[PDB]
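Encoded as structure tokens, the following chain is the form deposited in one PDB entry, with no partner shown.
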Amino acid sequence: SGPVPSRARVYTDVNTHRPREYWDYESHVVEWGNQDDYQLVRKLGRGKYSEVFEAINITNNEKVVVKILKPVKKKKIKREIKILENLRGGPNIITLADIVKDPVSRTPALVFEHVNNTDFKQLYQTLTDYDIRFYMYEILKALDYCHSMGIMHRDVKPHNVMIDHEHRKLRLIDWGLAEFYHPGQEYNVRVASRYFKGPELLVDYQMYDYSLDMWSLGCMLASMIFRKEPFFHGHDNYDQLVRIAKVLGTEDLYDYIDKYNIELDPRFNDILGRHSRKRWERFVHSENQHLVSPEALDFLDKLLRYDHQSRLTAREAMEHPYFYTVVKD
């Protein structure tokens, strides 16, 4: 009785074979830099967990981004720091340049390399078929890297992908929701952002893995190739699942929860209905058809599975025919 357990089908045991220091972030000792090295220039915004600023590193006169954290648990901050340090230098992973103590907030301030980003809302409207494939491949490099390093991002979305379109450079940012994957571990389902939440989160299945990120990526791909951002545009977390079910169908949703011996919230009884699985072609029209190909639709179909175990891994995704036309570096 109770939920049937689940494991990642790749990188399952990466952390158990790393030194304890690698994943035991609660024991991490932070190496603090010199707070005087960074001059704040302008506020970029304020999120749930921090205030973000453009700044200058006065030791090299280079632009950097500074995130001054709102007060939060030392283990959560240590988790983000340890993950950033573990992944530093990896393909398309944002570089943590420094960590300093902000004397006003009395909290840590994380210092990142700057990316000359184009607002995704504006950028996505301009992406060609080739660009979408190219940047999707770049995101996959970052995801296969972090997964291979025992880490799931858990907040993949356009806002967390910074793109310098001029230099064709991409960085996956905002690792504050990321976690180490340990087989059999139950995780918080209150992660990711609504439109990018995987079915596992929406049905409260806690034993999830790297494959969560692949659902989120599929949501991004659908928004890009169909020019509809976000693709699954739910009004709340319940409606989010209904919107998904209107596309993937309710019978396969029941197959998913039945496999894992999960029950839907009874509040779905009055809102879920009965829906057939749709063919992806229904979302194609004259305004997005130039971004769609049989390869794109098959790739999307293989990312957006209810069953997290059935989704392409990041490495499998990079083997897909969709990327045959992308020039390899």
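Only the largest set of C-alpha atoms that superpose within 1.5 Å between the two forms is called the rigid core. Note that residue numbering begins at 1 and tracks the sequence as displayed.
We do not show the form deposited in another entry, though everything after this point is about it.
Lining up the core between the shown form and the other one shows that one residue from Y137, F226, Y195, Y124 moves its Cα 2 Å or more, and that residue is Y124. Here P103 counts as shifted, since its C-alpha moves by at least 2 Å between the shown form and the other one after the core is aligned.
Core-superposed comparison between the shown form and the other one: CA of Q289 displaced by less than 2 Å.
Residue displacement note: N34 has its CA displaced by at least 2 Å between the shown form and the other one (rigid core superposed).
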